Trainee: 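The structure under discussion is supplied below as structure tokens; questions concerning it will follow.
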Number of protein chains: 2
Amino acid sequence: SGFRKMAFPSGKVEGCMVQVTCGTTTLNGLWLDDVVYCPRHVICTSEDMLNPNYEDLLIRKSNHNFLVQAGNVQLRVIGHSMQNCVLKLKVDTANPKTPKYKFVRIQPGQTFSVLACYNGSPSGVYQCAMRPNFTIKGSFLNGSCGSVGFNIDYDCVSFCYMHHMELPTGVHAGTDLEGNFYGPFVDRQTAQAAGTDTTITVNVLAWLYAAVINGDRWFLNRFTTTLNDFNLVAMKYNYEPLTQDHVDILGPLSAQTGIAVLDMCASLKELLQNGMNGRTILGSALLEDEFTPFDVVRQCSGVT
Amino acid sequence: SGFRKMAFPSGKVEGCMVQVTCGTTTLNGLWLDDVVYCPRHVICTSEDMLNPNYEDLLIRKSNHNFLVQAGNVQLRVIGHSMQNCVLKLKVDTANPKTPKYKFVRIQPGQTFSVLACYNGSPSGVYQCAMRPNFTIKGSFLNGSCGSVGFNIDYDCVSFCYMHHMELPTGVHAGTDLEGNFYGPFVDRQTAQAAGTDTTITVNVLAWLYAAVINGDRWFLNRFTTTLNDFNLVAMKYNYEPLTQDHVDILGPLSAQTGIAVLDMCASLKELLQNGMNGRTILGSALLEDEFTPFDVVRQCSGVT
Ligand SMILES: CN1CCN(CCCNC(=O)C[C@H](Cc2ccc(F)cc2)NC(=O)[C@@H](Cc2ccc(Cl)cc2Cl)NC(=O)[C@H](N)Cc2ccccc2C#N)CC1
Ligand SMILES: CN1CCN(CCCNC(=O)C[C@H](Cc2ccc(F)cc2)NC(=O)[C@@H](Cc2ccc(Cl)cc2Cl)NC(=O)[C@H](N)Cc2ccccc2C#N)CC1
């Protein structure tokens with residue numbers, strides 16, 4: 001019993017974190033086989049950051065301009081190249097701790113674990129969701145750039161995020177590991193706004209199913225509703241519209257609890273219109289939308 | 001910016017998790033040097049669990065009764081002994097991944113990271129607080145027993161918790177690594193009740209300071225109050241009384257934000273009496289009490 005924001009164990013990623021230094025700029029890199037991946041803005045000075053031409057900046061560097069440290073042991077850089085917004089530094093030593101991995105790009109509404117690092121040293125682990133507007137509500141200070149987000153599936157690490165910057169609103173933006181930004185952002189020190197965000201409806205429903213599995217039942221009711229009449233109320237409260245594919249994704253949770261998806265939508269409808277009246281659900285006074293159906297199934301018991 | 005429930009990186013503990021099997025009972029153990037630590041109720045069958053005599057049960061075992069697996073590699077048990085509610089299994093191989101560690105017993109109100117494991121395999125990491133009534137509100141299914149809670153301080157792992165059981169209320173109870181239970185509990189399958197819980201006042205105040213550091217200021221006010229007049233309201237809302245030592249613990253946060261502790265108590269007083277009026281603090285609609293002052297300082301920037 002219980003339900004917690006739960007990250008993946010971080011050991012497999014901790015063994016890959018290095019420190020990359022160029023000039024007085026130091027951030028984190030990801031060391032897989034004989035390649036180190038880090039944000040390309042490590043090659044910027046304070047003036048370049050305002051409007052950098054990265055192709056120019058990189059052409060003026062050489063291998064010896066890049067200090068890479070794995071712990072205190074220095075790594076010998078033998079080649080450097082740019083892929084979109086990530087810098088790739090070839091080193092002479094393949095990382096002996098390289099896990100089975102792949103680079104995947106995630107969809108808005110999906111979750112991943114973040115290993116926050118500073119100066120190549122991991123400091124904390126937490127769970128994040130990619131918001132519908134392609135930002136993440138992380139916890140990052142100056143120097144955390146190059147920290148990565150990942151999921152783990154049977155000892156394979158799927159890296160999905162590398163951290164680049166904090167927007168003026170305090171939310172966070174970054175790229176996949178091919179260097180392509182999530183959302184309409186660029187790596188330069190200018191004020192950039194994310195698009196308007198929305199609540200991830202399917203995750204809210206998954207979390208209500210988690211609550212039922214755990215024995216939290218007060219919000220249930222006998223009412224059912226239709227796909228289209230619920231989506232009327234979703235629009236009014238800035239919730240994403242619900243598709244039939246979302247219902248099917250929620251099938252296992254609906255089957256395990258015996259509560260049809262469109263029955264749960266009626267309870268969500270009522271929660272949206274009347275609130276909680278001082279009560280909580282799984283320890284929250286708000287409707288939580290950063291747990292996917294997969295996150296619920298992974299963490300919760302298989303019997304209601 | 002941002003504030004998240006943040007665990008310690010779990011790699012150093014992942015390398016210590018093994019599987020211990022006795023009969024048809026399998027749980028997790030902690031492998032440090034040439035000793036495996038696990039809950040002693042691994043030696044119980046289904047009938048013994050109701051009212052076991054562990055001294056009798058252990059005397060009837062021998063070394064070969066204990067299957068220990070580190071991955072798929074089997075560990076050779078060469079000795080077994082009981083320390084309070086933990087079983088110690090000496091094995092012929094010292095764990096090559098043994099971190100610098102120590103066994104510490106924590107106080108109610110302190111936090112730690114939990115590495116949830118099943119069948120010797122880590123599955124997730126999350127943050128917990130030891131409640132004032134010596135339970136923890138974890139996320140544990142059957143088979144998670146033997147999972148451990150820890151803090152990390154400069155590559156030293158302080159183990160503070162080993163998981164034993166879930167109470168009827170769904171909260172969790174366990175021991176320190178010397179086998180001594182937190183709280184008035186015993187390892188037998190009987191219904192046991194925790195004492196009445198209370199809200200950790202000093203942590204709530206630390207979290208309000210985290211909110212100010214992050215730029216969440218709506219709940220502040222110009223009022224101040226006294227230690228004793230606030231403790232009048234703490235009692236009414238089932239909050240722990242505030243001591244002068246708690247104020248001193250909060251000094252650094254009070255100094256960094258410029259908001260005296262007894263000024264923040266006035267804001268907490270108002271939050272307790274009027275609520276939030278639809279607003280949130282660091283993404284919560286409730287007053288959060290599972291972040292210590294140390295947790296805030298560790299995660300938050302050093303400049304407000
Ligand atoms: C309810 N509350 C919520 C919190 N609200 C407060 C939030 C206050 N937030 C800030 O002021 C952050 C600032 C915003 C900004 C952005 C642009 C710009 F022109 C002007 C300003 N952004 C930064 O300074 C950016 C500037 C930058 C540098 C390089 C690149 Cl390629 C791109 C950018 Cl955009 N720097 C970083 O991202 C650091 N690489 C890593 C870093 C540095 C410092 C702090 C965090 C990080 C991280 N992570 C108050 C209400
Ligand atoms: C708002 N919601 C919140 C959630 N509410 C629902 C909560 C429902 N919770 C339960 O029913 C859990 C049950 C309670 C119980 C306890 C005693 C007793 F006599 C009778 C019942 N406890 C167990 O069955 C205990 C029984 C036990 C075995 C060995 C020992 Cl030495 C001590 C004990 Cl006490 N077993 C475990 O602890 C497993 N070792 C590991 C384990 C097994 C199963 C599930 C979880 C875990 C873990 N972790 C509903 C309202």
Side-chain angles (χ1 to χ4, degrees), chain A residues 1-6 106-112 127-133 136-137 151 196-277 279-304, chain B residues 124 139 141 170 280 283-286:
Chain A
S1 292
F3 199 72
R4 283 269 193 186
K5 225 133 223 179
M6 186 163 313
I106 59 162
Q107 287 291 320
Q110 296 303 107
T111 53
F112 55 96
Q127 275 299 98
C128 272
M130 175 68 64
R131 306 300 313 169
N133 66 4
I136 66 171
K137 297 176 182 168
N151 286 282
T196 51
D197 205 27
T198 62
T199 296
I200 307 153
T201 306
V202 64
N203 292 2
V204 176
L205 293 164
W207 170 81
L208 295 179
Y209 279 111
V212 176
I213 287 162
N214 216 70
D216 236 337
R217 296 183 67 89
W218 63 260
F219 51 86
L220 298 179
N221 62 25
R222 74 187 190 276
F223 301 109
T224 192
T225 182
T226 62
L227 241 246
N228 283 97
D229 291 326
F230 172 76
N231 282 335
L232 259 321
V233 97
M235 184 103 59
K236 153 72 184 167
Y237 295 88
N238 194 22
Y239 272 52
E240 301 197 294
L242 198 66
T243 86
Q244 183 62 43
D245 180 45
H246 289 148
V247 171
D248 305 335
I249 292 166
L250 289 166
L253 296 175
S254 183
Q256 182 187 334
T257 66
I259 303 176
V261 179
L262 274 49
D263 183 351
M264 190 67 92
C265 286
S267 304
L268 174 51
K269 181 170 303 167
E270 208 76 295
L271 284 170
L272 288 170
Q273 295 185 150
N274 298 119
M276 301 196 187
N277 300 97
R279 297 166 292 186
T280 58
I281 300 179
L282 290 176
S284 181
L286 294 175
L287 300 177
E288 299 282 341
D289 81 337
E290 297 211 343
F291 301 96
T292 68
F294 177 97
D295 302 341
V296 173
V297 173
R298 157 182 176 233
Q299 184 177 163
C300 287
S301 182
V303 49
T304 309
Chain B
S139 176
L141 304 177
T280 58
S284 181
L286 294 175

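When reading the values below, keep in mind they use all heavy atoms of this one structure, side chains included, and skip hydrogens, waters and symmetry mates. Each chain gets a letter, A, B and so on, in the order the sequences are listed, and its residues count up from 1.
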Trainee: Testing the basics here: between A/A266 and A/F223, what is the closest heavy-atom pair and its distance to 0.1 Å?
Mentor: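 Heavy-atom minimum between the residues: CB-O, 3.3 Å.
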Trainee: Of A/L250, A/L220, A/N221, which meets side-chain contact (heavy atoms from CB on, under 4.5 Å) against A/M264?
Mentor: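 In the set A/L250, A/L220, A/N221, the residue that makes a side-chain contact (heavy atoms from CB on, under 4.5 Å) with A/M264 is A/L220.
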Trainee: Tell me, do A/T198 and A/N133 make a side-chain contact under 4.5 Å, heavy atoms counted?
Mentor: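 No; the side chains remain at least 4.5 Å from each other.
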Trainee: State, with a plain yes or no, whether a side-chain heavy atom of A/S1 is found less than 4.5 Å away from one of B/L141.
Mentor: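 Of all side-chain heavy-atom pairs linking B/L141 with A/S1, none is under 4.5 Å.
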Trainee: Grab the two heavy atoms, one from A/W207 and one from A/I281, that are nearest each other, plus how far apart they are.
Mentor: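 For A/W207 versus A/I281, the nearest heavy atoms are CZ2-O, 3.2 Å.
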Trainee: Say you draw a straight line from CG of A/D289 to CG of A/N203; how long is it, rounded to the nearest 0.5 Å?
Mentor: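 Atom-to-atom, A/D289:CG and A/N203:CG are 6.0 Å apart.
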Trainee: Working to the nearest 0.5 angstrom, can you tell me the gap between A/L242 CG and A/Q244 CD?
Mentor: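 Result: 8.5 Å between the selected atoms.
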Trainee: Which heavy atom in A/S284 sits nearest to a heavy atom in A/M276, and how many Å separate them?
Mentor: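 Closest pair (atom of A/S284, atom of A/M276, distance): O-SD, 3.9 Å.
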Trainee: Flag the pair A/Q256 / A/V297 as yes when at least one side-chain heavy-atom distance between them is below 4.5 Å, and no otherwise.
Mentor: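 No, their side chains stay 4.5 Å or more apart.
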Trainee: If you take all heavy atoms of A/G109 and A/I200, which pair is closest and at what distance?
Mentor: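 Heavy atoms of A/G109 and A/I200 come nearest at CA-CD1, 3.7 Å.
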Trainee: Side chain to side chain donor-acceptor pair (under 3.5 Å): which pairs involve residues 293-304 of chain A, sequence neighbours left out?
Mentor: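 Pairs touching residues 293-304 of chain A that pass the test: A/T111-A/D295, A/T292-A/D295, A/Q299-B/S139.
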Trainee: Within the structure provided, determine whether A/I259 and A/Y209 are in side-chain contact (heavy-atom separation under 4.5 Å).
Mentor: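 Heavy-atom side-chain distance check passes, below 4.5 Å.
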Trainee: Begin with the C-alpha distance, continue with both residues' side-chain angles, and end with the deciding distance and a verdict on side chain to side chain contact (heavy atoms under 4.5 Å, CB included) for A/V212 and A/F219.
Mentor: CA-CA 9 Å; A/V212 176; A/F219 51 86; 3.8 Å; yes
Trainee: Once rounded to the nearest 0.5 Å, what's the spacing between atom CG of A/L282 and atom CG of A/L208?
Mentor: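 Spacing of CG (A/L282) from CG (A/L208) equals 8.5 Å.
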Trainee: Do the non-hydrogen side-chain atoms of A/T199 and A/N238 ever get within less than 4.5 Å of each other?
Mentor: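 Not touching, per the 4.5 Å side-chain cut-off.
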Trainee: Set out, in order, the CA-CA distance, both residues' side-chain angles and the distance that settles side chain to side chain contact (heavy atoms under 4.5 Å, CB included) for A/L268 and A/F230, then state yes or no.
Mentor: CA-CA 9 Å; A/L268 174 51; A/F230 172 76; 3.6 Å; yes
Trainee: First locate atom CH2 of A/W218, then atom CG of A/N277, and finally report the distance between them rounded to the nearest 0.5 Å.
Mentor: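 It is 7.0 Å, given to the nearest 0.5 Å.
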Trainee: Which atom pair, heavy atoms only, marks the closest approach of A/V296 to A/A210?
Mentor: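 Taking every non-hydrogen atom into account, CG1-CB, 3.7 Å.
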Trainee: Assess whether side chain to side chain contact (heavy atoms under 4.5 Å, CB included) is satisfied between A/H246 and A/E240, documenting all intermediate values.
Mentor: CA-CA 11 Å; A/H246 289 148; A/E240 301 197 294; 5.7 Å; no
Trainee: Looking at A/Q273, I want to see if its CD is surrounded by more than 12 non-hydrogen atoms of other residues, nucleotides or ligands under 6.0 Å.
Mentor: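 Buried by this count: over 12 neighbours within 6.0 Å.
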Trainee: Considering all heavy atoms of both residues, which atom of B/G283 and which atom of A/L286 are nearest to each other, and what is their separation?
Mentor: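 So the two residues come closest at O-CD1, 3.6 Å.
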Trainee: Check whether any side-chain heavy atom of A/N231 sits under 4.5 Å from a side-chain heavy atom of A/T201, and report yes or no.
Mentor: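 Counting from C-beta outward, A/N231 and A/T201 never come under 4.5 Å.
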Trainee: State the NZ-OH distance between A/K269 and A/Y239, to the nearest 0.5 angstrom.
Mentor: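 Output value for this atom pair is 13.5 Å.
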Trainee: Considering only heavy atoms from C-beta outward, does the side chain of A/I136 approach that of A/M130 to under 4.5 Å?
Mentor: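 They are in contact (side-chain heavy atoms under 4.5 Å apart), so the answer is yes.
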Trainee: Taking it one step at a time, do A/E290 and A/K137 satisfy salt bridge (charged side-chain N to carboxylate O under 4.0 Å, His left out)?
Mentor: CA-CA 10 Å; A/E290 297 211 343; A/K137 297 176 182 168; 5.3 Å; no
Trainee: OG1/A/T225 to CD/A/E270 distance, rounded to the nearest 0.5 angstrom?
Mentor: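 It is 11.0 Å, given to the nearest 0.5 Å.
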Trainee: Is there side-chain contact between A/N214 and A/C300, with at least one heavy-atom pair below 4.5 Å?
Mentor: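 No, side chains not in contact.
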Trainee: Does the A/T257 side chain pair with the main chain of A/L253, one donor and one acceptor, at a distance under 3.5 Å?
Mentor: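 Checking the backbone N and O of A/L253 against the side chain of A/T257, a donor-acceptor pair under 3.5 Å is found.
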